[PDB]
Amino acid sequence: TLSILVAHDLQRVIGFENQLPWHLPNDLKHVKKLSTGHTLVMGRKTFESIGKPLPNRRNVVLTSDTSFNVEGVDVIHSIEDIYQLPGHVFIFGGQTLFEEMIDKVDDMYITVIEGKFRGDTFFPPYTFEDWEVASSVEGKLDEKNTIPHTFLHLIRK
């Protein structure tokens, strides 16, 4: 299975100045639950933003930099390499990876952040004409999670 994993706001903002624009611990728990024991593929900027691989999954970084050889990370240099990765592979960002992969993936796990943030990077437009809502789950709000959000699993029709 090849899936997208993304959090985007009401206007599809995903990032600002190489960080996520919001603080939402519940989304990180969601990412942990979905991708633990599987594979994340991410662009170089996304990797540099987190600074080290996420524990307990295969971390794969797509970059043209042939000097990239980082402990605990596998490197790939072509989109085509993604198709050779075994098991459940999640396309993890950022904007450039999402744009390159949205027409190729089987499904998408989207956290819709129900607010409008300042962004400099975006998820590409998509239409529910093309995507079946396999599930839609409102996230719970509390002291540590104060922005409304919804977890959508979309499957290509």
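One rule holds for the numbers: they count along the sequence shown, beginning at 1.
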| item | value |
| --- | --- |
| Of 110-118 and 49-57, the one with larger mean CA B-factor | 49-57 |
| Higher-scoring stretch by recorded Cα B factor average, 64-72 or 101-109 | 64-72 |
| Per the PDB entry, maximal CA B factor within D142, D9, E17, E138 | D142 |
| Chain thirds of CA B-factor: placement of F92 | lowest |
| B-factor third for the C-alpha atom of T1 within its chain | highest |
| B-factor third for the C-alpha atom of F128 within its chain | highest |
